[PDB]
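Everything below concerns the one structure shown next.
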Amino acid sequence: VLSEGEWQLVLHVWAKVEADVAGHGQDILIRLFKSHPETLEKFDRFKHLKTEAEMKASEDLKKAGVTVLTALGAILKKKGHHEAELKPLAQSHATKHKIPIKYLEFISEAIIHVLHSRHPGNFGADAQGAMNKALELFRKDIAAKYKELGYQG
Ligand code: HEM
C-alpha cells in the first residue's frame with residue numbers, strides 16, 4: 001500500500017506526462033518494442049513496423065500510446081482504489097489480447113526508463129521508487145484478476 005506522499009510523487013511526474021501524452025506514449029511504446037520486440041507481435045494493426053522511424057510516423061501507434069497512458073493515468077489517479085478500472089482491462093488483456101504479466105513488467109520498465117530520461121526534475125530516486133510501487137500494485141491487482149478470469153498470465 002502506497003503512502004499519500006508516494007502517490008503525490010507519482011501524480012507530480014504524471015502531470016508532466018500530461019503536457020504531451022501523445023509524445024510520451026510514442027517514446028514508451030518505441031522503448032517497449034525495441035527492448036522486447038516480441039511484444040510488438042501482439043498488435044495486428046502495426047506489428048509489421050520494421051524501424052523506429054516507421055514507429056514514430058505511425059498514427060495508429062501514436063493513438064495506442066495515448067490510449068495506454070490515459071488508461072494508466074486514470075488508474076494512478078485512483079491511488080489504489082482502481083477495482084472498477086481494472087475489471088474491463090484485465091478481461092480484455094487476459095481473454096482477447098493474451099498479455100502475460102511478464103509483458104506488463106516490460107511496459108512498466110519502459111515507462112520508468114522514459115520518465116527517468118525526460119523528467120529528471122520530477123523523477124529522482126524517491127519519485128522512481130513511488131512509481132515502481134504504484135506499477136507493482138497495478139500488476140499485482142491485474143495478476144489477481146487474471147487468475148479469477150482463468151488466465152495463467
Ligand atoms: C499499463 C499497462 C496497460 C494499460 C493501461 C493498457 C490499456 C489498454 C486499453 C485501454 C486498451 C483499449 C481497450 C481494451 O482493449 O481494453 C488496450 C488495448 C490493447 N492493449 Fe493494452 N494496456 C496495457 C498494457 C498492454 C501491453 C503491455 C500490451 C502488449 C504487449 C497490450 C496490448 C494491447 C492490445 C494488443 C490492445 C488492442 C490494440 C488494437 O486493437 O490495436 N497492452 N490496452
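To be explicit about the labels: the chains of the C-alpha cells are called A, B, and onward in the order shown, and within each one the residues are counted from 1, while ligands get numbers from 1 in the order they are shown.
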What are the closest atom pairs, with distances in Å to one decimal, for all residues of region 53-75 of chain A lying within 10 Å of region 7-17 of chain A? Consider only C-alpha atoms, order rows by chain and residue number, and present the result as a Markdown table.
| residue | atom | partner | partner_atom | distance |
| --- | --- | --- | --- | --- |
| A:69 | CA | A:17 | CA | 8.6 |
| A:70 | CA | A:17 | CA | 9.9 |
| A:72 | CA | A:14 | CA | 9.9 |
| A:73 | CA | A:14 | CA | 7.2 |
Next, write the just-selected residues to a file, as an mmCIF file, in the first residue's frame, keeping N, CA and C atoms as the atom set.
data_model
loop_
_atom_site.group_PDB
_atom_site.id
_atom_site.type_symbol
_atom_site.label_atom_id
_atom_site.label_comp_id
_atom_site.auth_asym_id
_atom_site.auth_seq_id
_atom_site.Cartn_x
_atom_site.Cartn_y
_atom_site.Cartn_z
ATOM 1 N N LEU A 69 -1.549 5.381 -21.961
ATOM 2 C CA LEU A 69 -1.138 6.302 -20.869
ATOM 3 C C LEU A 69 -2.344 6.968 -20.224
ATOM 4 N N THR A 70 -3.406 7.218 -20.980
ATOM 5 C CA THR A 70 -4.647 7.804 -20.428
ATOM 6 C C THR A 70 -5.311 6.807 -19.485
ATOM 7 N N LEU A 72 -3.822 4.267 -17.927
ATOM 8 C CA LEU A 72 -2.947 4.138 -16.741
ATOM 9 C C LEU A 72 -3.049 5.370 -15.856
ATOM 10 N N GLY A 73 -3.066 6.559 -16.444
ATOM 11 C CA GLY A 73 -3.282 7.804 -15.693
ATOM 12 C C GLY A 73 -4.537 7.721 -14.819
#
Per residue of chain A within 9 Å of ligand 1, what are the shortest atom pair and its distance in Å to one decimal, counting only C-alpha atoms and all ligand atoms, with rows by chain and residue number, as JSON lines?
{"residue": "A:29", "atom": "CA", "partner": "ligand 1", "partner_atom_place_in_ligand_line": "27 (C)", "distance": 8.9}
{"residue": "A:32", "atom": "CA", "partner": "ligand 1", "partner_atom_place_in_ligand_line": "30 (C)", "distance": 8.2}
{"residue": "A:33", "atom": "CA", "partner": "ligand 1", "partner_atom_place_in_ligand_line": "30 (C)", "distance": 8.5}
{"residue": "A:36", "atom": "CA", "partner": "ligand 1", "partner_atom_place_in_ligand_line": "30 (C)", "distance": 8.9}
{"residue": "A:38", "atom": "CA", "partner": "ligand 1", "partner_atom_place_in_ligand_line": "30 (C)", "distance": 8.0}
{"residue": "A:39", "atom": "CA", "partner": "ligand 1", "partner_atom_place_in_ligand_line": "30 (C)", "distance": 4.3}
{"residue": "A:40", "atom": "CA", "partner": "ligand 1", "partner_atom_place_in_ligand_line": "30 (C)", "distance": 6.5}
{"residue": "A:41", "atom": "CA", "partner": "ligand 1", "partner_atom_place_in_ligand_line": "30 (C)", "distance": 8.0}
{"residue": "A:42", "atom": "CA", "partner": "ligand 1", "partner_atom_place_in_ligand_line": "35 (C)", "distance": 5.0}
{"residue": "A:43", "atom": "CA", "partner": "ligand 1", "partner_atom_place_in_ligand_line": "35 (C)", "distance": 4.6}
{"residue": "A:44", "atom": "CA", "partner": "ligand 1", "partner_atom_place_in_ligand_line": "41 (O)", "distance": 6.4}
{"residue": "A:45", "atom": "CA", "partner": "ligand 1", "partner_atom_place_in_ligand_line": "41 (O)", "distance": 5.3}
{"residue": "A:46", "atom": "CA", "partner": "ligand 1", "partner_atom_place_in_ligand_line": "41 (O)", "distance": 7.7}
{"residue": "A:60", "atom": "CA", "partner": "ligand 1", "partner_atom_place_in_ligand_line": "41 (O)", "distance": 7.7}
{"residue": "A:61", "atom": "CA", "partner": "ligand 1", "partner_atom_place_in_ligand_line": "41 (O)", "distance": 8.4}
{"residue": "A:64", "atom": "CA", "partner": "ligand 1", "partner_atom_place_in_ligand_line": "38 (C)", "distance": 6.8}
{"residue": "A:67", "atom": "CA", "partner": "ligand 1", "partner_atom_place_in_ligand_line": "10 (C)", "distance": 5.5}
{"residue": "A:68", "atom": "CA", "partner": "ligand 1", "partner_atom_place_in_ligand_line": "7 (C)", "distance": 4.4}
{"residue": "A:69", "atom": "CA", "partner": "ligand 1", "partner_atom_place_in_ligand_line": "5 (C)", "distance": 6.4}
{"residue": "A:70", "atom": "CA", "partner": "ligand 1", "partner_atom_place_in_ligand_line": "5 (C)", "distance": 7.5}
{"residue": "A:71", "atom": "CA", "partner": "ligand 1", "partner_atom_place_in_ligand_line": "5 (C)", "distance": 4.8}
{"residue": "A:72", "atom": "CA", "partner": "ligand 1", "partner_atom_place_in_ligand_line": "5 (C)", "distance": 4.3}
{"residue": "A:73", "atom": "CA", "partner": "ligand 1", "partner_atom_place_in_ligand_line": "5 (C)", "distance": 8.0}
{"residue": "A:74", "atom": "CA", "partner": "ligand 1", "partner_atom_place_in_ligand_line": "5 (C)", "distance": 8.7}
{"residue": "A:75", "atom": "CA", "partner": "ligand 1", "partner_atom_place_in_ligand_line": "5 (C)", "distance": 7.8}
{"residue": "A:86", "atom": "CA", "partner": "ligand 1", "partner_atom_place_in_ligand_line": "5 (C)", "distance": 8.5}
{"residue": "A:88", "atom": "CA", "partner": "ligand 1", "partner_atom_place_in_ligand_line": "16 (O)", "distance": 6.4}
{"residue": "A:89", "atom": "CA", "partner": "ligand 1", "partner_atom_place_in_ligand_line": "16 (O)", "distance": 4.7}
{"residue": "A:90", "atom": "CA", "partner": "ligand 1", "partner_atom_place_in_ligand_line": "16 (O)", "distance": 7.7}
{"residue": "A:91", "atom": "CA", "partner": "ligand 1", "partner_atom_place_in_ligand_line": "16 (O)", "distance": 7.6}
{"residue": "A:92", "atom": "CA", "partner": "ligand 1", "partner_atom_place_in_ligand_line": "16 (O)", "distance": 4.8}
{"residue": "A:93", "atom": "CA", "partner": "ligand 1", "partner_atom_place_in_ligand_line": "16 (O)", "distance": 6.3}
{"residue": "A:96", "atom": "CA", "partner": "ligand 1", "partner_atom_place_in_ligand_line": "15 (O)", "distance": 7.8}
{"residue": "A:97", "atom": "CA", "partner": "ligand 1", "partner_atom_place_in_ligand_line": "35 (C)", "distance": 5.0}
{"residue": "A:98", "atom": "CA", "partner": "ligand 1", "partner_atom_place_in_ligand_line": "32 (C)", "distance": 7.9}
{"residue": "A:99", "atom": "CA", "partner": "ligand 1", "partner_atom_place_in_ligand_line": "29 (C)", "distance": 5.5}
{"residue": "A:100", "atom": "CA", "partner": "ligand 1", "partner_atom_place_in_ligand_line": "30 (C)", "distance": 7.9}
{"residue": "A:101", "atom": "CA", "partner": "ligand 1", "partner_atom_place_in_ligand_line": "27 (C)", "distance": 8.2}
{"residue": "A:102", "atom": "CA", "partner": "ligand 1", "partner_atom_place_in_ligand_line": "27 (C)", "distance": 8.4}
{"residue": "A:103", "atom": "CA", "partner": "ligand 1", "partner_atom_place_in_ligand_line": "27 (C)", "distance": 4.9}
{"residue": "A:104", "atom": "CA", "partner": "ligand 1", "partner_atom_place_in_ligand_line": "27 (C)", "distance": 4.6}
{"residue": "A:105", "atom": "CA", "partner": "ligand 1", "partner_atom_place_in_ligand_line": "27 (C)", "distance": 7.7}
{"residue": "A:106", "atom": "CA", "partner": "ligand 1", "partner_atom_place_in_ligand_line": "27 (C)", "distance": 6.8}
{"residue": "A:107", "atom": "CA", "partner": "ligand 1", "partner_atom_place_in_ligand_line": "27 (C)", "distance": 5.2}
{"residue": "A:108", "atom": "CA", "partner": "ligand 1", "partner_atom_place_in_ligand_line": "1 (C)", "distance": 6.8}
{"residue": "A:111", "atom": "CA", "partner": "ligand 1", "partner_atom_place_in_ligand_line": "1 (C)", "distance": 8.6}
{"residue": "A:135", "atom": "CA", "partner": "ligand 1", "partner_atom_place_in_ligand_line": "1 (C)", "distance": 7.9}
{"residue": "A:138", "atom": "CA", "partner": "ligand 1", "partner_atom_place_in_ligand_line": "1 (C)", "distance": 8.1}
{"residue": "A:139", "atom": "CA", "partner": "ligand 1", "partner_atom_place_in_ligand_line": "2 (C)", "distance": 8.5}
Checklist entry - From the set A:56, A:31, A:145, A:48, which residue has the shortest atom-to-atom contact distance to residue 95 (chain A), counting only C-alpha atoms? => result A:145
When you look at residue 87 (chain A) with a cut-off of 10 Å (counting only C-alpha atoms), what residues show up, excluding the ones that are within fewer than 5 positions of it in the same chain? I need them as an mmCIF file with C-alpha atoms, in the first residue's frame.
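Below is the file around_36.cif, written as the result:
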data_model
loop_
_atom_site.group_PDB
_atom_site.id
_atom_site.type_symbol
_atom_site.label_atom_id
_atom_site.label_comp_id
_atom_site.auth_asym_id
_atom_site.auth_seq_id
_atom_site.Cartn_x
_atom_site.Cartn_y
_atom_site.Cartn_z
ATOM 1 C CA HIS A 82 -8.873 1.099 -9.053
ATOM 2 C CA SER A 92 -9.634 -7.717 -22.442
ATOM 3 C CA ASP A 141 -4.021 -6.490 -8.744
ATOM 4 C CA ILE A 142 -4.142 -7.333 -12.518
ATOM 5 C CA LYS A 145 -7.870 -10.620 -11.667
ATOM 6 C CA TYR A 146 -6.176 -12.721 -14.433
ATOM 7 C CA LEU A 149 -10.708 -14.848 -15.098
#
Item to check | Residue nearest residue 22 (chain A) - candidates A:132, A:3, A:58, A:117, atoms counted: only C-alpha atoms | outcome: A:58
Next on the checklist: Please compute the CA of residue 110 (chain A)-CA of residue 147 (chain A) distance, one decimal, in Å.
Outcome noted: 24.8 Å
Checklist entry - For residue 62 (chain A), which of A:126, A:85, A:18, A:27 is the closest residue, counting only C-alpha atoms? => result A:27
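CA of residue 24 (chain A) lies 14.4 Å from CA of residue 57 (chain A).
Considering only C-alpha atoms, the residue among A:118, A:52, A:59, A:127 positioned nearest to residue 35 (chain A) is A:52.
The space separating CA of residue 124 (chain A) from CA of residue 136 (chain A) comes to 18.0 Å.
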Next on the checklist: as a PyMOL selection string, please: every residue in chain A that DSSP puts in helix (DSSP H, G or I).
Outcome noted: chain A and resi 4-17+21-35+37-42+52-57+59-77+83-97+101-118+125-149
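Considering the residues A:128, A:5, A:140, A:76 and counting only C-alpha atoms, residue 109 (chain A) has its shortest atom-to-atom contact with A:128.
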Checklist entry - Which neighbours of residue 1 (chain A) fall inside 9 Å, counting only C-alpha atoms, when residues of the same chain fewer than 3 positions from it are skipped, and could you give them as a ChimeraX atom specification? => result /A:80,133-134,137
For the residues in the current selection, export N, CA and C atoms as a PDB file, in the first residue's frame.
ATOM      1  N   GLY A  80      -4.865   3.597  -5.854  1.00  0.00           N
ATOM      2  CA  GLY A  80      -5.041   2.210  -5.391  1.00  0.00           C
ATOM      3  C   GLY A  80      -6.510   1.783  -5.368  1.00  0.00           C
ATOM      4  N   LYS A 133       6.478   1.326  -7.008  1.00  0.00           N
ATOM      5  CA  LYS A 133       5.468   0.791  -6.076  1.00  0.00           C
ATOM      6  C   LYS A 133       4.065   0.820  -6.717  1.00  0.00           C
ATOM      7  N   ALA A 134       3.699   1.898  -7.391  1.00  0.00           N
ATOM      8  CA  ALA A 134       2.349   2.057  -7.983  1.00  0.00           C
ATOM      9  C   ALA A 134       2.207   1.057  -9.119  1.00  0.00           C
ATOM     10  N   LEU A 137       1.841  -2.475  -7.736  1.00  0.00           N
ATOM     11  CA  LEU A 137       0.464  -2.599  -7.178  1.00  0.00           C
ATOM     12  C   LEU A 137      -0.500  -2.891  -8.316  1.00  0.00           C
TER      13      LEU A 137
END
